[PDB]
Amino acid sequence: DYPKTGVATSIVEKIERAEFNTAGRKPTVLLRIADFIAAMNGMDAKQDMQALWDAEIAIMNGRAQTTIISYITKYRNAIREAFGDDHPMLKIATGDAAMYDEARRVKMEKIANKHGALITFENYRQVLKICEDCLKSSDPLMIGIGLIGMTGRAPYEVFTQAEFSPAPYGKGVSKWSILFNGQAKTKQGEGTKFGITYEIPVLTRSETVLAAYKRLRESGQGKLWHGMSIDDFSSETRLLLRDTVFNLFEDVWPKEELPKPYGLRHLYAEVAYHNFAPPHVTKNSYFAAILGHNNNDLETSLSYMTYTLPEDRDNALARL
DNA sequence: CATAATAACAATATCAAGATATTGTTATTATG
């Protein structure tokens with residue numbers, strides 16, 4: 001209760017921008033958050049805080065649990081922005097503890113189901129070739145896609161904040177590996193890849209990737225993308241990227257699902273493990289190494305194992 | 001009447017075991 005007044009400038013600016021729009025939805029949630037932070041101003045009693053949060057929770061009732069959790073993240077971030085990390089509301093404005101447990105349960109359950117039913121990525125070579133061809137395109141979006149397919153970085157990392165640099169092999173450059181900076185979703189942890197330049201494998205010669213990236217950065221849309229926030233990047237590119245991926249790998253992607261930009265990261269993991277993995281490491285370890293995870297974290301890699309390579313599928317049936 | 005824009009709505013994958021930050025889908029709105 002040290003600060004009793006505050007303003008979440010993010011939401012407010014997002015509303016002022018949306019005051020004059022040609023079309024689209026009405027920012028109802030942003031409005032509820034704004035009115036929330038507004039009502040929070042001047043409060044010193046915690047019972048009324050609890051009542052406010054009880055009503056606000058009572059609002060988003062007939063919705064999805066994931067949606068509710070995400071919205072709670074929104075509210076909490078708004079509170080942190082407006083007042084600070086010392087406000088009692090942060091201990092009040094949180095989700096029911098039995099909700100997060102159900103979430104975790106469902107998550108690990110899904111992963112477990114995916115691990116018992118791997119998808120055979122039969123035409124993966126064609127996809128890799130498609131990305132490699134996108135590496136030589138003049139459309140920055142395409143170059144971005146191909147970069148996702150080849151270096152395996154996330155769309156946010158690739159389009160907004162990647163720094164690929166030549167990796168030395170003793171003396172000269174490495175043909176099948178580059179350097180990378182910086183990782184996303186790290187939240188600035190002690191043992192995360194925050195501000196860490198580490199070596200990653202690539203699925204085509206390093207000169208080609210470096211060239212395509214150098215072209216990507218110096219473009220107009222590339223400059224428009226650099227340093228962008230996640231919401232900005234979303235509203236700017238998300239649907240276009242989605243439909244371009246939709247149209248690209250239309251008839252070469254596994255029939256069990258639809259082409260999504262993040263599948264290229266999974267395929268990157270599987271293939272680079274299939275080609276470059278040393279004999280004294282496990283799959284989880286190599287995955288954690290090349291994907292850049294928290295220190296001593298091998299469970300996050302479990303979410304990246306959903307595909308199975310045709311050759312493995314073949315020689316596994318060789319035991320007949 | 002489609003039509004495109006827009007944010008609600010939703011799920012996944014990370015750092016840390018209690019949530020945050022990314023990626024992914026659809027209903028609404030103004031408008032032409």
Side-chain angles (χ1 to χ4, degrees), chain A residues 11 14-15 17-34 59-81 85 90-91 93-111 113-114 144 148 153-161 183-194 228-246 257-266 269 284 287-288 291-306:
Chain A
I11 319 295
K14 284 186 176 181
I15 295 175
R17 286 195 294 100
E19 190 70 41
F20 22 73
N21 281 337
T22 307
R25 278 179 163 267
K26 289 302 178 182
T28 59
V29 177
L30 295 171
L31 287 179
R32 295 208 63 89
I33 297 178
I59 302 300
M60 42 181 180
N61 186 266
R63 297 306 172 190
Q65 296 218 317
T66 58
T67 303
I68 292 180
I69 295 174
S70 303
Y71 284 1
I72 287 180
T73 296
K74 296 183 182 297
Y75 281 105
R76 294 180 62 84
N77 286 330
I79 299 175
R80 291 184 182 267
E81 182 185 13
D85 302 321
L90 295 175
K91 316 305 171 185
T94 186
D96 161 70
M99 178 178 59
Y100 294 129
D101 297 345
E102 180 76 0
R104 169 159 58 190
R105 170 233 121 181
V106 171
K107 175 187 67 179
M108 303 298 298
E109 173 187 73
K110 287 173 177 168
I111 299 167
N113 294 127
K114 244 108 291 180
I148 298 179
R153 300 311 102 182
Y156 187 67
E157 299 170 345
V158 170
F159 289 107
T160 69
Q161 56 185 17
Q183 190 80 334
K185 301 183 57 187
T186 63
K187 287 175 290 184
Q188 308 183 25
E190 265 283 353
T192 67
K193 301 297 182 183
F194 181 76
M228 230 180 185
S229 63
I230 180 60
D231 303 280
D232 287 326
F233 170 78
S234 294
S235 299
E236 176 89 280
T237 313
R238 189 68 68 194
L239 284 314
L240 184 61
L241 186 73
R242 171 170 170 261
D243 267 87
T244 305
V245 166
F246 251 88
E257 64 182 23
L258 267 152
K260 279 112 93 297
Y262 210 88
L264 300 176
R265 192 157 162 89
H266 293 192
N284 305 98
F287 272 44
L291 295 176
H293 288 163
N294 185 31
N295 258 327
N296 313 133
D297 176 27
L298 306 173
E299 190 182 16
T300 302
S301 63
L302 299 178
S303 301
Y304 289 91
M305 321 203 302
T306 173

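By convention in this document, chain letters (A, B, ...) are assigned in the order of the sequence lines, proteins followed by strands, and residues within each chain are numbered from 1.
Nearer to the 5' terminus of DNA chain B, by closest-nucleotide assignment, is the contact made by A:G62 (compared with the other of A:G62 and A:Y100). Both A:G189 and A:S303 lie close to DNA chain B; mapped to their nearest nucleotides by heavy-atom distance, the more 5′-ward contact belongs to A:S303.
In this structure, the CG atom of A:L302 is 12 Å from the P atom of B:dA13, given to the nearest Å. The CD1-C1' distance, from A:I68 to B:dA11, rounds to 14 Å in whole Å. If you take CE of A:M228 and P of B:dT22, they are 15 Å apart, rounded to a whole angstrom. Atom CG in A:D232 sits about 15 Å away from atom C1' in B:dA21, given to the nearest Å. In this structure, A:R153 atom CZ and B:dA21 atom P are separated by 21 Å, rounded to whole Å. A:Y156 has its OH atom 15 Å from the P atom of B:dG24, to the nearest Å. Remark: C1' of B:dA30 and CZ of A:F20 are 16 Å apart, rounded to the nearest angstrom. The distance between atom CG of A:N77 and atom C1' of B:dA19, rounded to the nearest whole Å, is 11 Å.
Closest approach of A:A93 to A:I79, counting heavy atoms only: CB-CD1, 3.8 Å.
Nearest to the side chain of A:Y71, among B:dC9, B:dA7, B:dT22, sits B:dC9. Side-chain atoms of A:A18 lie closest to B:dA7 of the nucleotides B:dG18, B:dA7, B:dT23. Comparing atom distances between the A:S70 side chain and each of B:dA11, B:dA16, B:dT23 picks out B:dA11 as nearest. When the nucleotides B:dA16, B:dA11, B:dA13 are ranked by their closest atom to the side chain of A:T66, B:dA11 comes out on top. Taking the side chain of A:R25 as heavy atoms from C-beta on, and the options B:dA8, B:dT20, B:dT23, the nearest nucleotide is B:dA8. You'll find that the side chain of A:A23 is closest to B:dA4, out of B:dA8, B:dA4, B:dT14. For A:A64, whose side chain is taken as the heavy atoms from C-beta onward, the closest listed nucleotide among B:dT14, B:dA19, B:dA11 is B:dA11. In the set B:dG32, B:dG24, B:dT6, the nucleotide with an atom closest to the side chain of A:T22 is B:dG32. Comparing atom distances between the A:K110 side chain and each of B:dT28, B:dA11, B:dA21 picks out B:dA11 as nearest. Nearest nucleotide to the side chain of A:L239, out of B:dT26, B:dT20, B:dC15: B:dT26.
A:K193 contributes no side-chain N or O that forms a donor-acceptor pair with the base of B:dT14 under 3.5 Å. No donor-acceptor contact under 3.5 Å links the side chain of A:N21 to the base of B:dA30. Interface remark: the A:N294 side chain does form a donor-acceptor pair with the B:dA16 base, using a distance-only criterion of under 3.5 Å.
More than 12 heavy atoms of other residues, nucleotides or ligands sit less than 6.0 Å from atom CG of A:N295. Dense packing is recorded around CD of A:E109, with more than 12 heavy atoms of other residues, nucleotides or ligands lying under 6.0 Å away. Dense packing is recorded around CD of A:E257, with more than 12 heavy atoms of other residues, nucleotides or ligands lying under 6.0 Å away.
Between B:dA13 and A:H266, a contact under 4.0 Å exists linking OP1 or OP2 to a side-chain N or O. Note on A:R104: every side-chain N or O is 4.0 Å or more away from OP1 and OP2 of B:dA17. Look at A:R242 and you won't find any side-chain N or O under 4.0 angstrom from OP1 or OP2 of B:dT23.
Looking at heavy-atom distances under 4.0 Å, A:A103 makes no contact with the nucleic acid at all. Within the 4.0 angstrom heavy-atom criterion, only backbone atoms of the sugar-phosphate kind lie near A:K260; the bases stay farther away. Looking at heavy-atom distances under 4.0 Å, A:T67 makes contact with a base. As judged by a 4.0 angstrom heavy-atom cut-off over every strand, A:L30 is placed among residues touching the sugar-phosphate backbone only.
Although no hydrogens or angles enter the test, the distance criterion places no donor-acceptor pair under 3.5 Å between the side chain of A:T192 and the main chain of A:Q188. Without hydrogens or angle criteria, A:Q65 side chain to A:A103 main chain gives no donor-acceptor distance under 3.5 Å. A:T94 places no side-chain N or O within donor-acceptor distance of the main-chain N or O of A:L90, the cut-off being under 3.5 Å.
Between B:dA10 and B:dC15, the distance separating the two P atoms is 27 Å to the nearest Å. Comparing B:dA16 with B:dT22, their P atoms sit 14 Å apart, to the nearest whole Å. Look at the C1' atom in both B:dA13 and B:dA17: the space between them is 15 Å, to the nearest Å.
A positive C1'-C2'-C3'-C4' torsion places the sugar of B:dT22 in the north, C3'-endo-side range. Nucleotide B:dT14 shows a negative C1'-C2'-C3'-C4' value and thus a south, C2'-endo-like sugar. Using the sign of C1'-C2'-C3'-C4' as the criterion, B:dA11 falls on the south side of the pucker cycle.
At a cut-off of 5.0 Å, the side chain of A:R238 touches the paired bases from the major-groove side alone. Residue contacts with the duplex place A:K185 in the minor groove, since a side-chain heavy atom sits under 5.0 Å from one of the purine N3, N2 or pyrimidine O2 atoms while no major-groove atom is that close.
By the 30° and 60° cut-offs, the orientation of the rings of A:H293 relative to A:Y304 is tilted.
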